[PDB]
Structure formats: C-alpha cells, structure tokens
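What follows is a single chain, given as structure tokens, in the form deposited in one PDB entry.
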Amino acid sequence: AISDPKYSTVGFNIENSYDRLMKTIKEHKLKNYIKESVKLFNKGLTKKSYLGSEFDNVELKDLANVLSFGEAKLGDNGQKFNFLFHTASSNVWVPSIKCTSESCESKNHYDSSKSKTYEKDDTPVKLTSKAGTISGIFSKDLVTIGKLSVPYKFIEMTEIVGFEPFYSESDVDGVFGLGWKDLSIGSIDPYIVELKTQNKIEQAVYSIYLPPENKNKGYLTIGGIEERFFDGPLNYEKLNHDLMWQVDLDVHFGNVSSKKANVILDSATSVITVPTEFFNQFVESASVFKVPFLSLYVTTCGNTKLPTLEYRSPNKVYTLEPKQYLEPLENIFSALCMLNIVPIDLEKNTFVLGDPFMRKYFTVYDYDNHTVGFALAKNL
C-alpha cells in the first residue's frame, strides 16, 4: 500500500478546517466563550431555539482545505515546486520567472531558459474569477511526479492578482489539476490521461486514500487500483456530467431527504455540504447548538438522536455515521464535538462530499470510463 506500492503513490499534506478553527480560537481567545455558551445550552437556557445560521458566508472556497505536496518537478533539470491539488481543473499551473506581480516574489519560478527539454508554445491564457485573475502562457516541458514522467503542456503564469491573503501566506507555488476542465481550446488532456496516452501507465485512473487517523495526510495513487487501501468490493457510479466528478444520488439524513441530488466528489472540500433548507430541518430538534456569532454547530459526542447519512444509488447505499461526521473538541469541553456538515446553496439540489466522506470511503476517479468508484477504506 504505502510501503513499496504496485502503482505510483504520493503523499500530500492537508491544512484542514479543524486547524483553521483552532487558529481562529487562539487568535481571538474564544475557548471560554465557547465553553460558557455550551454550558448555557446544557442548562436549557437558550431558547426556544433561534435561527442565527446567516452567517451566509457562503462560499464553497471558505470550506476548501489545502492539499499540497512538494515532490513534483518541471524540466530535465527538475525545477522544484509546491503544488496544491484541485479536483475540478485539468491544467498544471506554475509561476513564471517573468512574473511581474509581488505575489510571485517569494515563490519558486519556472525558467524555460534553464531546461533543455522546454518546447515553446506561447499560447496566451487567462482565468478571471471573483477570487482573482491569473494570466500567463502555455509552455511544454517534462512534468514528473516521482516515478511518472511525461512531456506535458502546462500554464506558465506571468501575472497573478488577488487570491490574498492566502497565496502570499502559503508555501504553495502553483496548482496541479486532477479534474476535467481545460482552460485552453487545444484539448489538452489531463496530466493523468496524457500519461496513459504515452503508455506511462496502464489506465487513466487515480485514487485518493485519506487515512482515518491522520487528518493532515492523504495519498494519491496513479495508474491503477491499489487493493491494499480498501476492504470489500469497489462499487462504481456513472458521472452525470462530462467534466465533473459528479453523480446522481438520493440523499436521506434521517427523515430529511432529497431525490436525484447532484453529488460532487471533492476531497479538498473540508466538510459535507447540504442545501440550507435541508440543513435546518436536519438540525431542528436534533439537539445541536449553534454557537452565537461563530459558524459553529456543536453537540455532545454521544448524541443518541443523530442519524446516519445515506447517499443512495440504484445498487449501493454509501453512509456516514455520527462518529464520521463529528469532530471531537476535547481541548475545549469534555465530550464536545462539532458538526462537519455545513449548509450551502450551490446549483439547486447539489451536495458535496468532502473530507469526512473520504475518511470512510476510498475513492477512484476513472477518466477512461467516466466513473467514480467507492470502497471501504482500511485503517493504515
């Protein structure tokens, strides 16, 4: 599995929601506030129960974990970079030595002149979004993830505006795409597909293994199914979108349910997400406490009312028990836990399976067949 695997595996690090929350709690000295508020809840003195969930952040990007690793290299001189994984993009992105922005100054840069394997492309490319704007150009070189290498067309970034204060504060240089969506109109296959095209791997598939007992770690395996990660069979579901790791499922949280939901698999999302209305029904008379002024839902670890979460397909149900969707806060209050489930309205009837789901289910992402696979993860 992780000691001498069959297919190429790389470890990656995760900054998670627990970590960010603890930072915020130390920063603002919030521990006693939280403790004293919970005590109030337990005495029956918060009432009848009010709705202070809005706190419309809302942003899916407020919920993103940073999945990063530093073992990928560009060119025959193996120029080193720290990359975060993005499950929706199919491009690789790095700062250019020619980057004029202040953001790029402390970052590792790609310098096409130092690599004998560089081939010029120069096709200009630009992302503009609410969070920020990146412009650069395509360049071709060797992209190596340890054991695997292929000549590949990535985006060399010449100007980066926004993505602050995160980008400057992070050690991350660029983004490595494990998705389907190419910014070009030149039909640049994902890195994983190109490996198969060039016969570097048997199949255009990868898996994510998130170990149950290390929430700062995950493992990416490329080019085959490493069976030592999981118990029992792999079940497969068909993608319901040509360019997203998204499937059709009926969602039931106890008596609260939604049929024909769109359910996106995104291991970089820090939590399970549900629509807001759906969430409200869920937490109502479930004895969960919203801490005033914080985006934080808490309850006792042994809460006997919390149901199993069910994601139903025509031939398999995936489930999460309370112990997989609660996070212990023992360092704040004995037997206190938080909900790793957040209300957020996306596309209608759209749900996200983030880190909590993948701590239970080993997941497989199959470009060749347009499927995702699920199996019970082993505890390694």
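The term rigid core refers to the most C-alpha atoms you can superpose between the two forms while keeping them within 1.5 Å. One-based numbering along the sequence shown.
The same protein also has a form deposited in another entry, omitted here; what follows describes it.
Engineer: Superposing on the rigid core, I want to see if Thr319 changes position between the shown form and the other one - specifically a Cα shift of 2 Å or more.
Structural biologist: No; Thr319 is a residue whose C-alpha shifts by less than 2 Å between the shown form and the other one when the cores are overlaid.
Engineer: Compare the position of the CA of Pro165 between the shown form and the other one after a rigid core fit and state whether the shift reaches 2 Å.
Structural biologist: Yes, the C-alpha moves 2 Å or more.
Engineer: When the two forms are laid on each other by their rigid core, does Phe351 show a Cα shift of 2 Å or more between the shown form and the other one?
Structural biologist: Result for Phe351: no, shift under 2 Å.
Engineer: Given that the shift is 3 Å or more, do the Cα atoms of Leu183 and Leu178 end up closer or farther apart in that other deposited form than in this form?
Structural biologist: Closer in that other deposited form, by 3 Å or more.
Engineer: If the CA atoms of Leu183 and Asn369 move by 3 Å or more in that other deposited form, do they move toward each other or away, so closer or farther than here?
Structural biologist: They are closer; the C-alpha distance drops by 3 Å or more in that other deposited form.
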